[PDB]
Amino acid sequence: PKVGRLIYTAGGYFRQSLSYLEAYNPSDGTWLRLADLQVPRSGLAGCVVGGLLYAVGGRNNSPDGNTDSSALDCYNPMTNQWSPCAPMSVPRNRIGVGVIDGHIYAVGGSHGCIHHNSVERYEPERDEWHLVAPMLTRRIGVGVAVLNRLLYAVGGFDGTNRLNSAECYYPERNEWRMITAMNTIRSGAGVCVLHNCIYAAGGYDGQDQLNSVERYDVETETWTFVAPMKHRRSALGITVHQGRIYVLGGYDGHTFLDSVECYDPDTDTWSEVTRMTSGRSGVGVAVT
């Protein structure tokens, strides 16, 4: 094929919610603009299932109004087209998603002043949503990752407190269990899994955006700091591509970042590999 896997960035915020879909090719550093979202959105989550890109929740924060989204839309790289899917039970801004067994899990997020602890599961082959057990904590700006077929919800804001706690969901049981809490309080952090560990990068602690990064190891059941990113940021996009973590854009209290940093787990170092076509925060990112 002309290209390998690409890192897709959908939506985001800059002065207002965006409809951009762009793709970065790690092999030659080129960016490509694709079909716009049907509705602008930011604070959404992105994931892939069966070669299809999904844009979940978020909100359309515009000059003349704000509308939280319960929408799920699907993008097909093969034809460069967006398709509306069944919507979720409720709008979820600052949502988290994870994929397990080809099913998409929508986690927490908010609707107005409602901070969800609820969680629902989407089955693409049926285009239908079903709620599952709710998290033990209400979490918006929660980070979500999957490890050993278990869904992890990390940090966030419960409506009052910003959290350093994290919990794990066992689909086979439909039970949530708290795990060791992180070193740092983080809402709107970038959370992903890489080489059998969960990473939590950046975020906001209630006083400033963060550049520190920590890693959870399941057999020691502990969170350990790794090399920090060069640029502090919350509401960043994050994904994994061939053994490395990519963080995209974000917000640091002063700027909408276009910076994209890459983490090398073998040397424990971060490098700025490229820049988005324009700075922005709250993007949905995935690789396919």
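Start at 1 with the first residue shown and count on from there.
Compared with other deposited structures of the same protein, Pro63 meets the criterion of being unmodelled in at least one third of those that resolve residues on both sides. Between 145-153 and 192-200, the higher mean Cα B-factor belongs to 145-153. Just going by the entry, 158-166 versus 101-109 on mean CA temperature factor gives the higher value to 158-166. Of the candidates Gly96, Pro91, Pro134, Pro171, the one whose C-alpha carries the top B factor in the deposited record is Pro171. The PDB entry assigns its highest CA temperature factor, among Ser118, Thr180, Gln81, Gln209, to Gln81. Compared with the other modelled residues of the chain, the Cα B-factor recorded for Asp73 ranks in the middle third. Per the PDB record, residue ranking by Cα B-factor puts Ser234 in the lowest third of the chain. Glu261: CA B factor lies in the lowest third for its chain, per the PDB record. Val213 sits in the lowest third of its chain by CA B factor, as recorded in the PDB entry. Sorting the modelled residues of the chain by their CA temperature factor places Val273 in the highest third.
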